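Asker: Before the rest arrives, take these chains from my complex:
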Amino acid sequence: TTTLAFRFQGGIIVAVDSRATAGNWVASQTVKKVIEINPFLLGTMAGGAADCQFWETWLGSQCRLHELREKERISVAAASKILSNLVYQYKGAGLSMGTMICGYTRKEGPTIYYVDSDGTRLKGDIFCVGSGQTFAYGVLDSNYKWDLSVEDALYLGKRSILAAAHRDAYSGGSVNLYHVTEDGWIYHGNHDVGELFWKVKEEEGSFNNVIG
Amino acid sequence: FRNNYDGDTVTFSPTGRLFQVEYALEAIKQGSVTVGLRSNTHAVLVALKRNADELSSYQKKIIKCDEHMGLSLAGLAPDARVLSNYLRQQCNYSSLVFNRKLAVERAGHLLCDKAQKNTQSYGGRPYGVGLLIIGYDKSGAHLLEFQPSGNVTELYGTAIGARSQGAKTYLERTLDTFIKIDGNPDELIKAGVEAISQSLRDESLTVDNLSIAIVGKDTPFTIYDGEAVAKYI
């Protein structure tokens, strides 16, 4: 996996790859690594496929229950902690998951939480998670400004995954994009690396290390 | 007299009666009438459904237990839900562990034994429902009668519920006829319709009022409601 989410002038950008592996065997190139908890809440997935998929779907359920109970949508701090606390109960059983929970509430504004199976929960503006996190960090850090336009911010997110998809052997397939605003999340497409790489290389001039 | 010996099922009357069990039997007599009847090929259930208003639905009286066995109820509906569920597990267990279709005779012995444990222990009330269980196991067609005392009886045909004595005299009269209805499901269902109307008094049985179930040799346990029973009116 490679996944990232960052916070800027106009909300949150969320980008993930779509590859699953069993050792060196590419198991899948079309995995959805983003769970849509509700119109305002997103979760990302990295590490054990089942562990992520299962518990983050369980998270979705726990949030709906909060809505019915409290007549109000769950805060990002709280939702992250339902998962963070579950994961800590299992600390030592060998769960494997690095997650990000991104969303908007009136109380908090734009908010990103990092949660891993070590039971670590952190609030921050920029996070990259997974096998190819460092490759994403390189491109992301070096081009980040708070005052990016929505169009430019979306692109940088897309580009940061592509960088990692290329170098990391355990990343690739396709990029999935999201944008989180006051009005909730907006899906911004599924971009196949097979066609994106050659589009980006041509239009940008980058990836000069590659023949073609 | 009776005042002091009906507080719980743990107590015997001086005559030797268990009043709590006997009051549970009364709940069956208040229930809506249902009838069973078999031949060698098929076993049949016919039940009259009871509504609250003309705005309410007619509450269902027949339950599937497995692909060869099911039952009809008269009395407390929740207690039928508990008891039918049990037989569903006991049918399920026989299948998974022994690859076996649990025979209807042992079905009854399990219901008899479960009901009995409620009649001897403090706190536990008896069950308040009677059951007419029809099956087709490895020994032909069967029909059973269940009383919440524990007494289970293998019969050719019988009725339980309100005014059910009328239907029971009918089946008693036309034994030699319905038992020989082999190979023709229709003329056994039509024999069970003519049984239940012997227990009618006030209302004429309608299209959302009647409920019919059949199991047998070449037919599995199925439920008939609505315009699907219209032919038997």
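Answerer: Happy to help now that I have it. Residues are numbered from 1 along each chain as shown, chains lettered A, B, ... in the order given.

Asker: The nearest residue to residue A:135 once chain neighbours are set aside and residue A:170, how far apart?
Answerer: In space, and not counting its chain neighbours, residue A:135 is closest to residue A:164: 3.8 Å by Cβ to Cβ, 6 or more residues apart in numbering or on different chains. For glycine as for every other residue, the C-beta is placed from the backbone atoms N, C-alpha and C. With distances taken as Cβ to Cβ, to the nearest Å, residue A:164 is found 10 Å from residue A:170.

Asker: Then residue A:116?
Answerer: 17 Å.

Asker: And what about residue 200, helix, strand or coil?
Answerer: Because you didn't say which chain, this covers chain A. Judged by DSSP: H, G, I helix; E, B strand; the rest coil, the three-state class of residue A:200 is helix.

Asker: Actually, chain B is the one I wanted.
Answerer: For residue B:200, the assignment made with three-state DSSP gives coil.

Asker: go on, residue A:118?
Answerer: coil.

Asker: who's in contact with it?
Answerer: residue A:91 (Cβ atoms under 8 Å, 6 or more residues apart in numbering or on different chains).

Asker: Same check on residue A:129?
Answerer: Contacts for residue A:129 (Cβ under 8 Å, 6+ apart) come out as A:1, A:3, A:4, A:44, A:46, A:98, A:99, A:100, A:114, A:116.

Asker: burial measure for residue A:119, as a count.
Answerer: When neighbours are counted by other Cβ atoms under 10 Å in any protein chain shown, residue A:119 registers 16.

Asker: Farthest-apart pair in the contacts of residue A:129, please.
Answerer: Distance extremes for the contacts of residue A:129: the farthest pair is A:4 and A:116 at 14.9 Å, using Cβ to Cβ.

Asker: quick one on the thing from earlier: so which of the contacts of residue A:129 would you say is closest to residue B:42?
Answerer: For the contacts of residue A:129, the nearest to residue B:42 is residue A:99 (59.4 Å; Cβ to Cβ).

Asker: Look up how far residue A:204 lies from the closest one.
Answerer: 31 Å.

Asker: More neighbours: which of these two?
Answerer: Neighbours of residue A:99 and residue A:204, each counted by other Cβ under 10 Å, are more numerous for residue A:99; the result is 28 against 10.

Asker: How much space separates that one from residue B:182?
Answerer: When residue A:99 is compared with residue B:182 (using Cβ to Cβ), they lie 66 Å apart.

Asker: Chain C comes next; put it on the structure above:
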Amino acid sequence: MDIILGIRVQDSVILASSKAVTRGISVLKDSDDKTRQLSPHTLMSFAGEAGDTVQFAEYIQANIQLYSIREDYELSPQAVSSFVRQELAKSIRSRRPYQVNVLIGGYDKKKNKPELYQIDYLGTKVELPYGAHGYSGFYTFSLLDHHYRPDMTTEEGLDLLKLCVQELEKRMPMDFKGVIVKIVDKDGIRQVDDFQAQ
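Answerer: This next block brings in chain C, placed alongside the chains you saw above:
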């Protein structure tokens, strides 16, 4: 590990905490507050295992807060530190034991004196003028042995801390991304925001 330092002077306790959170080959955050406020005049810092660290701190926080509500009273630093020690002493011999080294910085309002408490994941409690957990101690304990006087002002205490921090940045192999510094005194808990380029 993470850097966790504390120093008691004349009228206050000072706590300094590493800002970095590092997992594997990446620094995930450079602005982490490794502290919890237990009561208006008691502060606890924490370093250790990835998960146990915050979960223990927030658990101790709930208990002291529940105590304050129930009694409408604030426990002395000595009393809070004892409570913590026992929780860790309970932990060590259990199935999966808390792995957290803590410092308790408190001002006893009754006694009008600052107090500092070092307690490791074993529940080894000791009261100290200056204290450090993990590898950090190997550098600071000798620096403070030399430069420390018990009659120092909060101002003199901060200079003495910067000198500890400069030594760690110079010699320790880790980039811990500086420290968040807090003062515990008679007026409560305040944060020295401008420690970056002080």
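
Asker: now that chain C has been added, could you go back to the neighbour count of residue A:119?
Answerer: 23.

Asker: In space, what's closest to it - neighbours in sequence excluded?
Answerer: Nearest to residue A:119 is residue C:51, by Cβ to Cβ, 6+ apart, at 2.8 Å.

Asker: just residue B:20 next, same as before
Answerer: Nearest to residue B:20 is residue B:9, by Cβ to Cβ, 6+ apart, at 4.2 Å.

Asker: which residues of the chain fall in helices?
Answerer: In the absence of a named chain, this looks at chain A. For chain A, the helices defined by DSSP state H occupy A:49-70, A:76-89, A:133-143, A:150-167, A:193-204.

Asker: Chain C was what I was after
Answerer: C:52-71, C:77-92, C:137-147, C:154-171.

Asker: and the second one, how far from the chain's centre?
Answerer: A distance of 15 Å separates the C-alpha centroid of helix C:77-92 from that of its chain, computed with Cα atoms, centre = their mean, to the nearest Å.

Asker: give me the number of residues near residue 134?
Answerer: Let's take chain A. 16.

Asker: The chain in question should be chain B.
Answerer: 28.

Asker: Which helix or strand contains the closest residue in space to it that isn't next to it in sequence?
Answerer: Of all residues not flanking residue B:134 in the chain, residue B:43 sits nearest, at 3.9 Å (Cβ to Cβ, 6+ apart). Residue B:43 is part of strand B:42-48 when elements are defined by DSSP states H and E.

Asker: that older thread, sec struct for the residue nearest to residue B:20, please.
Answerer: Going by three-state DSSP: residue B:9 is coil.

Asker: Just the angle for the helix or strand containing residue B:113 relative to strand B:42-48, thanks.
Answerer: If you go by DSSP H and E, residue B:113 is part of helix B:104-116. Computed by axes from the mean of the first three to the mean of the last three Cα atoms, to 10 degrees, the angle separating helix B:104-116 from strand B:42-48 equals 40 degrees.

Asker: Contacts only, for residue A:87.
Answerer: Counting by Cβ under 8 Å, 6+ apart, residue A:87 makes contact with A:55, A:95, A:97, A:115, A:116, A:117, A:119.

Asker: where does chain C come near chain A, residue by residue?
Answerer: C:21, C:23, C:25-26, C:28-29, C:32, C:50-52, C:54-55, C:96 (Cβ under 8 Å from any Cβ of the partner chain).

Asker: which among those end up buried?
Answerer: Using 16 or more other Cβ atoms under 10 Å in any protein chain shown as the burial test, these include C:21, C:23, C:28, C:29, C:32, C:51, C:52, C:54, C:55 as buried.

Asker: next up, chain D:
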Amino acid sequence: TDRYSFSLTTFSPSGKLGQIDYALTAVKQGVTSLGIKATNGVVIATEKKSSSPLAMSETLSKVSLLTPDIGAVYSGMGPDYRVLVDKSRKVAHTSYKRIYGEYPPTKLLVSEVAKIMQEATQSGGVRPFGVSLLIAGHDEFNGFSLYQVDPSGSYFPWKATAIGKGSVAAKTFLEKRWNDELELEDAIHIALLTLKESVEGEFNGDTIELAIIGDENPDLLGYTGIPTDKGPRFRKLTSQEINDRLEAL
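Answerer: That brings us to chain D, laid onto the chains above:
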């Protein structure tokens, strides 16, 4: 299964605890027993009321040893006493000797027995014990002591007292005769005389049970070697030892 998880002793409108009041009535119906405390010893005594001329009075001990330095006697229901003695012995080990390697002081073993009886007052589905006990003992730090333990669980220290049938007339007899300068031989003399008012029938060492808490008995220990072990202070008198003081009485 035990459906009695509720109290069987409860409060009546007047403030009486019915079951305890009644248990105490059973204690008045039981055979007289007494206890007297001298400066250098304690004596407990009772009457062996025989169920049949065929029964052997030796096989039934109304006076019992709890620890080498502590003895017990009663008035009331015998079976309840017996099981209490079993529990009193056990509790002296589990709650004391297995902790401190020495025997519990008189006041503390009483306290433990009292508690066992109190629980019979409050636990689900039990009647109180139908006995009053007299416990006589010695410990290094308290000297000699005598206690009374009621079915309620209450306990009082005594210079002297009696319980059971003629307890009223016996307490009056003791008030006349007791002083703070008594020797243990005298206390036995009074005990025999006080018990004579209760007994109608045969009065000898065959129908009277008597034991003391006196000096350490080295020859009753069973072994020599340890200088800090000097033998039990509890001694039950034999049929013959009783008759010796009755010949000049």
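
Asker: can you check the neighbour count of residue A:119 again with chain D included?
Answerer: Neighbour tally, residue A:119, other Cβ under 10 Å: 23.

Asker: Wait, it touches residue A:81, no?
Answerer: No. Assessed by Cβ atoms under 8 Å, residue A:119 is found out of contact with residue A:81, at 10.8 Å.

Asker: how far out from the middle of the chain is the lengthiest strand in chain C?
Answerer: The residue-count maximum for a strand in chain C (DSSP state E) belongs to strand C:100-108. Put simply, strand C:100-108 sits 5 Å off its chain's centre (Cα atoms, centre = their mean).

Asker: partner strands of that strand, parallel or antiparallel?
Answerer: strand C:42-48 (antiparallel), strand C:113-119 (antiparallel) (DSSP bridges).

Asker: Let me have these in CSV, extended by distance to residue D:148 and mean neighbour count.
Answerer: CSV is the format used below for the strands paired with strand C:100-108 (distance: least, Cβ to Cβ, whole Å; neighbours: other Cβ atoms under 10 Å in any protein chain shown):
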stretch, distance to residue D:148, mean neighbour count
strand C:42-48, 54, 24
strand C:113-119, 53, 23
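
Asker: Looking at those, spot the one closest to residue B:159.
Answerer: strand C:42-48 (75.5 Å).

Asker: Report the inter-axis angle for the closest one versus helix C:77-92.
Answerer: Using the same axes, to 10 degrees, strand C:42-48 lies at 30 degrees relative to helix C:77-92.

Asker: Report the backbone C-alpha coordinates of strand C:42-48 in CSV.
Answerer: Coordinates of each C-alpha in strand C:42-48 appear next as CSV, following Å, rounded to 0.1, in the frame of the first residue of the first chain:
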residue,chain,number,x,y,z
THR,C,42,-0.1,18.5,38.8
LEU,C,43,1.4,17.6,35.4
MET,C,44,2.6,14.3,34.1
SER,C,45,4.9,13.5,31.1
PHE,C,46,5.3,10.1,29.5
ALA,C,47,7.6,8.0,27.3
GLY,C,48,7.6,4.3,26.4
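
Asker: If the residue nearest the centre of chain B is in a bridge, with which residues?
Answerer: For chain B, the residue whose C-alpha lies nearest the mean C-alpha position (Cα atoms, centre = their mean) is residue B:132; its distance is 1.9 Å. Here residue B:132 sits in beta bridges with residue B:72, residue B:145, as judged by DSSP bridges.

Asker: contacting residues for it?
Answerer: Counting by Cβ under 8 Å, 6+ apart, residue B:132 has contacts B:34-36, B:45, B:71-72, B:74, B:143-146, B:158-160.
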